[PDB]
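Okay, structure first, notes after.
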There are 2 protein chains.
Amino acid sequence: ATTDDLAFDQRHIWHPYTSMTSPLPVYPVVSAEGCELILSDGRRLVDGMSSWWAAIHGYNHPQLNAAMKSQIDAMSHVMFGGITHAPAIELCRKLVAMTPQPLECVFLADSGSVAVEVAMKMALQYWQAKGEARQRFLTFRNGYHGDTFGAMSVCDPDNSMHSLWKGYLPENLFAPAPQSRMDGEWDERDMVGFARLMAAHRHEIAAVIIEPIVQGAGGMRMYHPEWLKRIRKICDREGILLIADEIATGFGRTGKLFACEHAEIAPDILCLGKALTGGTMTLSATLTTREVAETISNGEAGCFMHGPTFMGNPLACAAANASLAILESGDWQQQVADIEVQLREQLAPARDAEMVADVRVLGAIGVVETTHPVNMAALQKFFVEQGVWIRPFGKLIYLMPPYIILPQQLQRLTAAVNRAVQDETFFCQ
Amino acid sequence: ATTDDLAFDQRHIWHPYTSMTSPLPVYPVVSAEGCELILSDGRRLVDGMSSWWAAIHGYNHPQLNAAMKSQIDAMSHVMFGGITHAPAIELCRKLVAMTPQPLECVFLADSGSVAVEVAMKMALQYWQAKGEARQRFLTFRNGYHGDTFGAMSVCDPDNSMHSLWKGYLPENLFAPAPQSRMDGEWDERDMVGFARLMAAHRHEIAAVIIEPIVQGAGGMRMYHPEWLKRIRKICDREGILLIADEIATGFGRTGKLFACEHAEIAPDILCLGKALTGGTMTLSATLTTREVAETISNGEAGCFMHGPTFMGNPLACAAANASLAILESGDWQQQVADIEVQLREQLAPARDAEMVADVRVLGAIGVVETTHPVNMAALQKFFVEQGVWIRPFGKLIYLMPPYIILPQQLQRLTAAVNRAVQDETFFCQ
Ligand SMILES: Cc1ncc(COP(=O)(O)O)c(CNNC(=O)CSc2ccccc2[N+](=O)[O-])c1O
Ligand SMILES: Cc1ncc(COP(=O)(O)O)c(CNNC(=O)CSc2ccccc2[N+](=O)[O-])c1O
Ligand SMILES: NNC(=O)CSc1ccccc1[N+](=O)[O-]
């Protein structure tokens with residue numbers, strides 16, 4: 001019965017970065033609760049992914065659910081043009097309140113990529129209004145900022161295989177990936193490439209854009225906070241805008257509410273998403289300073305030229321309010337600290353495995369980088385059999401569980417990672 | 001209280017295309033039901049906008065609400081990587097079934113702009129996979145496809161103030177706006193700019209992208225269906241992909257389920273959004289032909305390189321299924337027909353106003369085009385005070401009520417429009 005469904009899905013439905021010619025199997029999920037995904041056949045999976053960062057409160061959270069159902073009773077949606085409403089205002093109040101002081105103007109959007117493109121567009125309009133046609137962005141390699149064309153143009157030029165897009169995408173400036181680790185000692189030579197690029201191009205750079213501390217989808221790399229302090233200083237001296245993409249790192253995942261706090265710096269533009277809504281549905285936010293906001297607004301345009309149809313969607317704002325309200329308890333701090341400790345401890349053995357190239361842990365992020373890319377289909381199948389949901393990518397078998405994950409649940413995950421990495425059959429050499 | 005909310009909104013929250021220095025007043029909506037928005041002060045506004053096309057079932061629709069809440073109970077969201085679920089499969093089943101026969105591959109995304117960029121990426125990967133680096137898009141003037149950089153690059157260069165983006169945005173090809181009206185007869189001279197551009201670049205064009213029949217946000221234009229027939233044949237001749245952006249026209253608004261049906265043509269790529277979810281929340285879909293899907297998939301990438309975090313969001317899909325299920329009753333056909341009849345008759349008097357340059361109606365769309373741009377603040381204030389919510393744009397005062405609007409409700413809208421165009425204080429000359 002559901003095998004006819006899976007057949008329709010296989011034949012008609014794209015999934016993220018998949019082939020319609022030879023799609024790989026996908027598992028049917030019927031529901032989810034706490035930290036468990038429930039398949040059609042009833043088997044339960046402990047979630048190690050938070051549905052990619054965002055589901056930090058796990059699934060079927062009573063408070064998120066209630067907040068969503070209430071907003072639906074008022075209105076799930078109304079347009080934002082000439083109209084405002086309580087959920088957008090409350091959400092923005094919470095966002096302005098919890099972010100670094102200068103960030104006080106909020107542009108709500110629908111997705112991470114759109115938030116990034118909004119940030120980029122802000123930087124571009126800023127310099128138009130200041131009369132300097134700056135159009136380049138300076139970023140890091142191993143960056144990932146989304147799949148829309150603006151966002152691609154600041155993603156790593158190799159990973160996004162921009163070679164196939166090199167011609168459509170404008171060429172931005174890419175400093176080397178930050179090499180100094182976050183459990184690292186800082187090394188001053190790390191700064192050399194970035195500084196040179198700045199020096200050679202400081203006049204055409206509208207903004208520097210980086211994922212602070214954790215380069216997520218670009219490799220789950222965790223680099224030294226000194227990088228943010230220097231880039232912040234470098235940006236200040238050149239008057240270049242700093243765009244911090246915290247779409248992945250936002251709302252506590254790295255042990256701090258925003259990864260920028262690891263460096264105690266503030267961006268000129270801050271992109272948020274994913275866990276913003278507690279992973280219930282899509283929403284994003286791009287915050288900026290009053291200075292950027294006024295400059296753009298006093299430009300030739302007379303406004304910031306962006307407006308998604310479903311901008312400020314009340315239902316998503318309500319879910320965010322609820323998600324942010326749960327974080328207000330502050331329980332996430334210890335939860336994330338405890339997950340971090342347990343991940344360091346339980347993933348440590350993997351360092352000795354021959355298939356493992358590195359193990360790094362930060363907040364509720366646990367990463368086992370392997371020497372050869374994983375055999376996706378085979379390893380995915382293995383994980384389901386171990387009763388866990390772990391979604392590896394390339395040479396990364398990583399964990400980012402909901403903050404409410406129970407220690408025995410986290411244990412099942414780390415045990416599954418350790419067991420998988422010992423065995424070379426789950427890897428392609 | 002709400003006076004402090006509004007002050008915070010004004011001081012901190014962007015709205016679509018808004019200034020942070022001098023924002024216009026926005027009206028606080030606390031809830032909505034049927035075709036009415038309810039402001040804080042208890043006054044009810046008859047909705048003439050459907051929250052920009054999308055809310056075709058009006059507000060607080062019980063079937064939508066039931067679907068959304070029920071789906072919340074299972075899971076509002078789970079990742080789509082290596083996972084599929086019933087709301088996504090059902091929605092794709094419906095979409096495949098109701099769209100033109102060759103369209104059978106569905107890529108779910110979160111917003112209209114992303115759907116457009118996905119369509120654009122499909123075409124680009126298509127030609128990259130065939131080993132012909134075609135990278136230019138041919139579109140119409142007065143077209144609108146979103147605010148992201150890729151979508152902007154096929155937006156009208158004047159409305160989009162492309163003078164400010166000319167430098168970052170790759171330059172696409174812009175045929176003249178289709179001049180032949182939809183209640184017009186076809187004028188053969190219309191084709192000259194399009195044919196000449198096509199002939200001059202036909203080897204470097206990856207795709208043609210247009211809004212079928214109704215160019216929405218770019219000028220609420222309604223052009224002759226012969227255009228689709230001609231563009232479809234010419235695209236066939238050159239083997240060029242046709243992208244029909246039905247994000248606005250989809251799901252009945254123009255009297256047919258998809259505006260392409262007015263010409264009985266099928267695009268290679270179809271974009272959907274807005275009314276897709278009954279306007280409950282953001283979601284989009286880009287459909288393509290199996291030929292395109294496999295060509296893309298058999299390229300160097302080995303896949304279609306796109307995957308939003310919230311791809312296939314169960315909740316949005318649930319809403320979409322509900323919305324689509326409502327249309328399955330067929331009630332919309334008569335509802336849209338009746339609104340059309342009533343719109344034509346009741347907007348007719350406006351033609352005689354000195355301030356009115358044109359009046360056009362199609363399906364549940366009524367456009368009163370004026371000779372001068374409307375005075376946004378004053379006219380908006382006027383409308384609210386008349387108890388109607390109509391959001392004019394530039395030189396356009398248009399109505400697109402939910403399909404369920406009552407006749408006495410529609411009469412209030414059309415009455416408000418007629419009264420507004422008689423008075424020139426509501427215009428900037
Ligand atoms: C930091 C950051 N910035 C922007 C975006 C774009 O958000 P969208 O919702 O528009 O995509 C993201 C989103 N990242 N998405 C994911 O985490 C999906 S999984 C993924 C993505 C890319 C490469 C690999 C993987 N993976 O499976 O590990 C963002 O993180
Ligand atoms: C036909 C068509 N295609 C793509 C998009 C992009 O959708 P997003 O959800 O990413 O915005 C749209 C979007 N249309 N948006 C609106 O109707 C908002 S109102 C608007 C937008 C642009 C110019 C003018 C107006 N207006 O106030 O009338 C789309 O329609
Ligand atoms: N891209 N988005 C837009 O162009 C939105 S236009 C708009 C919408 C609602 C209210 C006012 C405006 N406007 O600035 O004219």
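In the structure tokens, each chain is lettered A, B, ... as it comes, each chain's residues begin at 1, and ligands are numbered from 1 in order of appearance.
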Within 8 Å of ligand 2, counting only C-alpha atoms and all ligand atoms: which residues, as an mmCIF file with C-alpha atoms, in the first residue's frame?
```
data_model
loop_
_atom_site.group_PDB
_atom_site.id
_atom_site.type_symbol
_atom_site.label_atom_id
_atom_site.label_comp_id
_atom_site.auth_asym_id
_atom_site.auth_seq_id
_atom_site.Cartn_x
_atom_site.Cartn_y
_atom_site.Cartn_z
ATOM 1 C CA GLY A 81 1.994 45.010 2.804
ATOM 2 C CA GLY A 307 9.191 41.685 -0.393
ATOM 3 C CA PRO A 308 8.295 37.991 -0.473
ATOM 4 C CA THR A 309 4.608 37.232 -0.868
ATOM 5 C CA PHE A 310 4.309 35.451 2.462
ATOM 6 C CA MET A 311 6.544 37.905 4.285
ATOM 7 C CA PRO B 16 7.657 44.644 1.571
ATOM 8 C CA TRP B 52 -1.861 38.903 -2.777
ATOM 9 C CA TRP B 53 -3.553 36.179 -4.834
ATOM 10 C CA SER B 111 8.766 30.446 -1.888
ATOM 11 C CA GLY B 112 7.869 31.671 -5.343
ATOM 12 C CA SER B 113 11.273 33.195 -5.977
ATOM 13 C CA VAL B 114 12.964 29.949 -5.070
ATOM 14 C CA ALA B 115 10.646 28.061 -7.424
ATOM 15 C CA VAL B 116 11.628 30.434 -10.215
ATOM 16 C CA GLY B 143 7.251 40.472 -15.973
ATOM 17 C CA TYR B 144 7.781 39.734 -12.276
ATOM 18 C CA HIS B 145 9.317 36.560 -10.876
ATOM 19 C CA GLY B 146 10.572 37.480 -7.419
ATOM 20 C CA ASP B 147 13.166 39.435 -5.513
ATOM 21 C CA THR B 148 16.124 37.048 -5.340
ATOM 22 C CA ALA B 151 14.533 35.895 -10.195
ATOM 23 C CA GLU B 211 3.755 34.668 -16.740
ATOM 24 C CA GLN B 215 1.535 39.496 -15.988
ATOM 25 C CA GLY B 216 0.761 40.156 -12.327
ATOM 26 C CA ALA B 217 2.932 42.319 -10.126
ATOM 27 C CA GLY B 218 4.664 43.822 -13.135
ATOM 28 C CA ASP B 245 5.552 31.057 -14.042
ATOM 29 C CA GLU B 246 2.071 30.308 -12.695
ATOM 30 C CA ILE B 247 2.884 31.312 -9.158
ATOM 31 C CA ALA B 248 0.144 33.980 -9.404
ATOM 32 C CA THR B 249 -2.223 32.548 -12.020
ATOM 33 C CA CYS B 271 6.281 27.146 -11.346
ATOM 34 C CA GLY B 273 3.040 28.978 -5.388
ATOM 35 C CA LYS B 274 0.766 31.376 -3.488
ATOM 36 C CA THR B 282 4.615 29.770 1.979
ATOM 37 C CA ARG B 391 -3.879 47.596 -1.734
ATOM 38 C CA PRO B 392 -3.241 49.659 -4.849
ATOM 39 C CA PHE B 393 0.158 49.619 -6.486
#
```
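Using only C-alpha atoms, the residues found no farther than 9 Å from residue A:22, other than those of its own chain fewer than 6 positions away, are residues 10 of chain A; 297 and 302 of chain B.
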Select from stretch 118-224 of chain B everything DSSP, run on the backbone, classes as alpha helix (DSSP H), then give the selection as a PyMOL selection string.
-> chain B and resi 118-129+149-152+192-201
Export, as a tab-separated table (two decimals), in the first residue's frame, the selected residues with N, CA and C atoms.
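The resulting selection24.tsv:
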```
chain	number	residue	atom	x	y	z
B	118	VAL	N	14.75	27.75	-9.13
B	118	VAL	CA	14.85	26.33	-9.37
B	118	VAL	C	14.57	26.04	-10.84
B	119	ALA	N	13.54	26.68	-11.40
B	119	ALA	CA	13.22	26.51	-12.81
B	119	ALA	C	14.39	27.00	-13.65
B	120	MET	N	14.94	28.14	-13.28
B	120	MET	CA	16.05	28.66	-14.01
B	120	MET	C	17.19	27.70	-13.92
B	121	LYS	N	17.47	27.17	-12.73
B	121	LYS	CA	18.54	26.18	-12.60
B	121	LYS	C	18.30	24.92	-13.38
B	122	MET	N	17.05	24.50	-13.47
B	122	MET	CA	16.76	23.34	-14.28
B	122	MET	C	17.20	23.56	-15.72
B	123	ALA	N	16.78	24.69	-16.28
B	123	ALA	CA	17.11	24.98	-17.65
B	123	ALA	C	18.61	25.04	-17.81
B	124	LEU	N	19.31	25.66	-16.86
B	124	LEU	CA	20.74	25.77	-17.00
B	124	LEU	C	21.40	24.39	-16.94
B	125	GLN	N	21.01	23.57	-15.98
B	125	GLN	CA	21.59	22.24	-15.89
B	125	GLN	C	21.19	21.42	-17.10
B	126	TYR	N	20.00	21.70	-17.63
B	126	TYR	CA	19.55	20.99	-18.81
B	126	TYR	C	20.54	21.11	-19.95
B	127	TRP	N	20.87	22.35	-20.29
B	127	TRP	CA	21.76	22.63	-21.40
B	127	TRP	C	23.21	22.31	-21.11
B	128	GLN	N	23.61	22.48	-19.85
B	128	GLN	CA	24.94	22.09	-19.40
B	128	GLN	C	25.06	20.57	-19.61
B	129	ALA	N	23.98	19.84	-19.34
B	129	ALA	CA	24.02	18.39	-19.47
B	129	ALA	C	24.05	17.94	-20.92
B	149	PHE	N	18.22	37.31	-6.59
B	149	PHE	CA	19.01	37.83	-7.70
B	149	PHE	C	18.70	37.12	-9.00
B	150	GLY	N	18.58	35.81	-8.96
B	150	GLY	CA	18.23	35.06	-10.16
B	150	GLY	C	16.86	35.47	-10.66
B	151	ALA	N	15.87	35.48	-9.78
B	151	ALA	CA	14.53	35.89	-10.20
B	151	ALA	C	14.50	37.35	-10.68
B	152	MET	N	15.23	38.25	-10.02
B	152	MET	CA	15.28	39.65	-10.48
B	152	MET	C	15.78	39.75	-11.90
B	192	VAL	N	6.91	41.12	-33.31
B	192	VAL	CA	8.14	41.53	-33.98
B	192	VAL	C	9.35	41.55	-33.05
B	193	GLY	N	9.21	42.20	-31.89
B	193	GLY	CA	10.32	42.29	-30.95
B	193	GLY	C	10.76	40.94	-30.43
B	194	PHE	N	9.77	40.11	-30.11
B	194	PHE	CA	10.01	38.77	-29.60
B	194	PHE	C	10.70	37.87	-30.63
B	195	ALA	N	10.13	37.82	-31.83
B	195	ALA	CA	10.68	37.04	-32.95
B	195	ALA	C	12.09	37.51	-33.32
B	196	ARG	N	12.28	38.83	-33.38
B	196	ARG	CA	13.58	39.39	-33.74
B	196	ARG	C	14.63	39.03	-32.68
B	197	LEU	N	14.28	39.17	-31.40
B	197	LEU	CA	15.19	38.77	-30.32
B	197	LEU	C	15.45	37.28	-30.33
B	198	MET	N	14.38	36.50	-30.49
B	198	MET	CA	14.52	35.07	-30.57
B	198	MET	C	15.47	34.70	-31.70
B	199	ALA	N	15.18	35.19	-32.90
B	199	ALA	CA	16.02	34.92	-34.06
B	199	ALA	C	17.48	35.33	-33.81
B	200	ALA	N	17.69	36.45	-33.13
B	200	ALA	CA	19.04	37.00	-32.92
B	200	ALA	C	19.88	36.27	-31.85
B	201	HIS	N	19.22	35.51	-30.96
B	201	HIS	CA	19.93	34.85	-29.86
B	201	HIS	C	19.54	33.40	-29.63
```
Counting only C-alpha atoms and all ligand atoms, figure out which residue out of A:329, A:346, A:159, A:2 gets nearest to ligand 1.
->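 Using only C-alpha atoms and all ligand atoms, ligand 1 sits closest to A:159.
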Residue neighbourhood residue A:17, 6 Å, only C-alpha atoms, exclusion window fewer than 6 positions, as a list in words =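 So, after excluding close chain neighbours, the residues are residues 303, 304, 305, 306 and 307 of chain B.
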Compile the contact shell of residue A:173 as a count of residues only: residues with an atom at most 9 Å away, counting only C-alpha atoms, same-chain residues fewer than 5 positions apart removed.
-> 9
Just the residues within 12 Å of stretch 332-339 of chain B, please, counting only C-alpha atoms, with nothing from its chain fewer than 5 positions along; format it as JSON, numbers by chain.
-> {"B": [48, 56, 57, 251, 252, 253, 254, 255, 256, 257, 258, 323, 324, 325, 326, 327, 344, 345, 346, 347, 361, 362, 363, 364, 365, 366, 399, 400, 401, 402, 403, 404, 405, 406, 407, 408, 409, 410, 411, 413, 414]}
Save out the residues we just selected, N, CA and C atoms, as a short mmCIF file (atom, residue, chain, number, x, y, z; two decimals), in the first residue's frame.
```cif
data_model
loop_
_atom_site.label_atom_id
_atom_site.label_comp_id
_atom_site.auth_asym_id
_atom_site.auth_seq_id
_atom_site.Cartn_x
_atom_site.Cartn_y
_atom_site.Cartn_z
N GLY B 48 -10.17 42.43 -0.46
CA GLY B 48 -10.17 42.43 -1.90
C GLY B 48 -8.89 41.88 -2.52
N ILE B 56 -7.27 32.14 -1.80
CA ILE B 56 -8.43 31.97 -2.67
C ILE B 56 -9.62 31.36 -1.93
N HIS B 57 -9.37 30.74 -0.78
CA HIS B 57 -10.47 30.18 0.01
C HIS B 57 -10.84 31.10 1.13
N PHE B 251 -4.19 27.76 -10.07
CA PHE B 251 -5.32 27.38 -9.24
C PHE B 251 -6.53 28.30 -9.37
N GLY B 252 -6.86 28.64 -10.61
CA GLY B 252 -8.18 29.12 -10.97
C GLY B 252 -8.41 30.62 -11.14
N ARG B 253 -7.48 31.43 -10.68
CA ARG B 253 -7.74 32.86 -10.58
C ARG B 253 -8.17 33.48 -11.93
N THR B 254 -7.67 32.96 -13.04
CA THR B 254 -8.02 33.52 -14.33
C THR B 254 -9.19 32.80 -15.01
N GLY B 255 -9.86 31.92 -14.28
CA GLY B 255 -10.99 31.17 -14.81
C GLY B 255 -10.63 29.75 -15.21
N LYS B 256 -9.36 29.51 -15.49
CA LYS B 256 -8.92 28.15 -15.73
C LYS B 256 -7.96 27.70 -14.63
N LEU B 257 -7.90 26.39 -14.41
CA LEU B 257 -7.10 25.81 -13.33
C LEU B 257 -5.67 26.31 -13.40
N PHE B 258 -5.11 26.31 -14.61
CA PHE B 258 -3.83 26.97 -14.85
C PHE B 258 -3.98 27.86 -16.07
N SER B 323 -6.06 22.74 0.28
CA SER B 323 -6.49 23.75 -0.65
C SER B 323 -6.88 23.10 -1.95
N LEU B 324 -6.07 22.17 -2.42
CA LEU B 324 -6.35 21.51 -3.68
C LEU B 324 -7.60 20.67 -3.58
N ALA B 325 -7.80 20.03 -2.44
CA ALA B 325 -8.98 19.20 -2.27
C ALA B 325 -10.26 20.06 -2.38
N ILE B 326 -10.22 21.31 -1.90
CA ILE B 326 -11.36 22.21 -2.00
C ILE B 326 -11.68 22.49 -3.47
N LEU B 327 -10.65 22.63 -4.30
CA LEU B 327 -10.82 22.94 -5.73
C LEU B 327 -11.38 21.74 -6.49
N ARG B 344 -16.73 42.85 -14.20
CA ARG B 344 -16.85 43.56 -15.47
C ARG B 344 -17.91 44.66 -15.39
N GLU B 345 -19.08 44.30 -14.88
CA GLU B 345 -20.21 45.22 -14.81
C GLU B 345 -19.98 46.34 -13.81
N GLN B 346 -19.48 45.99 -12.63
CA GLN B 346 -19.38 46.96 -11.55
C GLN B 346 -18.15 47.85 -11.65
N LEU B 347 -17.17 47.46 -12.47
CA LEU B 347 -15.99 48.28 -12.67
C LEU B 347 -16.10 49.09 -13.94
N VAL B 361 -10.59 43.04 -16.81
CA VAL B 361 -11.03 41.98 -15.92
C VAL B 361 -10.81 40.60 -16.52
N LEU B 362 -10.31 39.68 -15.71
CA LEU B 362 -10.18 38.28 -16.12
C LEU B 362 -10.34 37.37 -14.91
N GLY B 363 -11.24 36.40 -15.00
CA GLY B 363 -11.50 35.51 -13.88
C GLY B 363 -11.81 36.36 -12.67
N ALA B 364 -11.28 36.01 -11.50
CA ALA B 364 -11.46 36.82 -10.30
C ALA B 364 -10.36 37.89 -10.18
N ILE B 365 -10.03 38.54 -11.29
CA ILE B 365 -9.11 39.67 -11.26
C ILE B 365 -9.75 40.91 -11.89
N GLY B 366 -9.73 42.03 -11.18
CA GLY B 366 -10.25 43.27 -11.71
C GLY B 366 -9.19 44.34 -11.61
N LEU B 399 -8.50 44.38 -7.87
CA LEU B 399 -9.24 43.53 -6.96
C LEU B 399 -8.99 42.10 -7.34
N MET B 400 -8.76 41.27 -6.34
CA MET B 400 -8.63 39.84 -6.56
C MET B 400 -9.15 39.15 -5.35
N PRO B 401 -10.47 39.16 -5.21
CA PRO B 401 -11.06 38.67 -3.97
C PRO B 401 -10.92 37.16 -3.85
N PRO B 402 -11.05 36.64 -2.63
CA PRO B 402 -11.15 35.19 -2.49
C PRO B 402 -12.35 34.67 -3.28
N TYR B 403 -12.28 33.43 -3.73
CA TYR B 403 -13.30 32.89 -4.58
C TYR B 403 -14.65 32.84 -3.89
N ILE B 404 -14.65 32.85 -2.56
CA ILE B 404 -15.90 32.71 -1.79
C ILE B 404 -16.57 34.04 -1.42
N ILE B 405 -16.09 35.14 -1.98
CA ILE B 405 -16.58 36.44 -1.59
C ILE B 405 -18.05 36.54 -1.92
N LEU B 406 -18.83 37.12 -1.01
CA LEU B 406 -20.26 37.31 -1.22
C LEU B 406 -20.48 38.49 -2.14
N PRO B 407 -21.57 38.44 -2.91
CA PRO B 407 -21.87 39.50 -3.87
C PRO B 407 -21.97 40.88 -3.23
N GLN B 408 -22.56 41.01 -2.04
CA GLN B 408 -22.67 42.33 -1.41
C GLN B 408 -21.29 42.79 -0.97
N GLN B 409 -20.42 41.82 -0.65
CA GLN B 409 -19.03 42.10 -0.31
C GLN B 409 -18.23 42.59 -1.53
N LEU B 410 -18.40 41.92 -2.66
CA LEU B 410 -17.72 42.34 -3.87
C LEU B 410 -18.16 43.74 -4.28
N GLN B 411 -19.45 44.02 -4.12
CA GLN B 411 -20.03 45.31 -4.45
C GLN B 411 -19.40 46.44 -3.64
N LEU B 413 -16.33 46.47 -2.64
CA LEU B 413 -14.99 46.63 -3.19
C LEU B 413 -15.02 47.47 -4.44
N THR B 414 -15.85 47.04 -5.39
CA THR B 414 -15.97 47.74 -6.65
C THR B 414 -16.48 49.16 -6.42
#
```
Distance criterion (only C-alpha atoms): nearest to chain B out of A:177, A:370, A:377, A:269 |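 The closest residue to chain B is A:377.
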